[PDB]
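Visitor: Take the sequence shown: its letter number 12 is residue 18 in the deposited numbering, and every next letter is one higher. A single structure is presented below for examination.
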Amino acid sequence: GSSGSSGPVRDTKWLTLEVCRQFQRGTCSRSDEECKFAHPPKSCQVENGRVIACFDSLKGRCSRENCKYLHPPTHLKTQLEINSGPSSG
Ligand SMILES: [Zn+2]
Ligand SMILES: [Zn+2]
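Okay, here's the thing in structure tokens:
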């Protein structure tokens, strides 16, 4: 069934991207390869002011038919690695 779990820890920490502000409002005439942001489709589930990037996509070949996660561009993939936020201890 399920092992006793209390207050777990986030899973997709290095798989998030700031959703293009304009895109949301609907004023972003820039494609995915043009805009330095991630623009998730209607099918893909969008998080509150944020969106989760697909896993397989990162590899370049996705299978998930109704993939809920958006596929961010290469120029963006790097960001995920950067992991902005140095450890102060
Ligand atoms: Zn945009
Ligand atoms: Zn995918």
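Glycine residues also receive a C-beta, built at the ideal position from the N, C-alpha and C atoms.
#1: According to DSSP, is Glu24 part of a helix, a strand, or is it coil?
#2: Mind checking whether the beta-carbon of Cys26 lies closer than 7 angstroms to any heavy atom of ligand 1?
#3: With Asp62 as the anchor, note down where its alpha helix (DSSP H) starts and where it stops.
#4: If we call anything under 8 angstroms between Cβ atoms a contact, is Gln85 one with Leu21?
#5: Could you tell me if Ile58 is buried or exposed, where buried requires 16 or more neighbouring beta carbons within 10 angstroms of its beta carbon?
Guide: Based on what the coordinates show:
#1: coil
#2: yes
#3: 61 to 65
#4: no
#5: Its Cβ being crowded by 16 or more others within 10 Å, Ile58 is buried.
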